[PDB]
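Coming up is one lone chain in structure tokens, specifically the form deposited in one PDB entry.
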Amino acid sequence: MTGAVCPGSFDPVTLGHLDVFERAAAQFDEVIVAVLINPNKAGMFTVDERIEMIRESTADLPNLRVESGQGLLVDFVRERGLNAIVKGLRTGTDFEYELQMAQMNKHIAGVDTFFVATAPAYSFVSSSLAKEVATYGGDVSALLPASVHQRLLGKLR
């Protein structure tokens, strides 16, 4: 009954995210990846595409499932009877903002946030920077799971 939610926009999911999912999956009895959607801001990928990319890359994790949602993250967490958020840290993370949100989320809902640093190899990739580099021809193939690289280049072209 131990469990955590891993939230984000995942547009697209990166190997930095995957690294965090795997560590969460190894340490909690269940993990729910929360694909949080802004209903007014279209991303590069649809919810279906975002969810499929994550599923294809997490198939070896039997205790991880993927769901989309919107609104307050702590409502998503508590609706599933959970009380924990696992958030990844990378180079360029706005950690001070993450801390402010962690304190806010604990205050309004009693939900705890656990931060874990992604591996050095995956520490400089982010969804936005990966899309930017790929838009101008840069090779980001080593920084994204296989379910993503193709689809990304397709969107761009």
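Throughout, we count residues from 1 along the sequence that is shown.
What comes next is about the form solved in complex with a small molecule, which does not appear here.
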Just to confirm, with a 4.5 Å cut-off on non-hydrogen atoms, which of 89, 109, 44, 61 contacts the small molecule in the entry with it bound? 89
4.5 Å heavy atom contact, residue 125 to the small molecule in the entry with it bound: yes
Since only the chain is shown here, I'm wondering whether residue 148 would be in contact with the small molecule in the entry with it bound (any heavy atom pair within 4.5 Å). no
Using a 4.5 Å heavy atom cut-off, state whether residue 57 contacts the small molecule in the entry with it bound. no
Wondering, does residue 7 line up within 4.5 Å of the small molecule in the entry with it bound on heavy atoms? yes
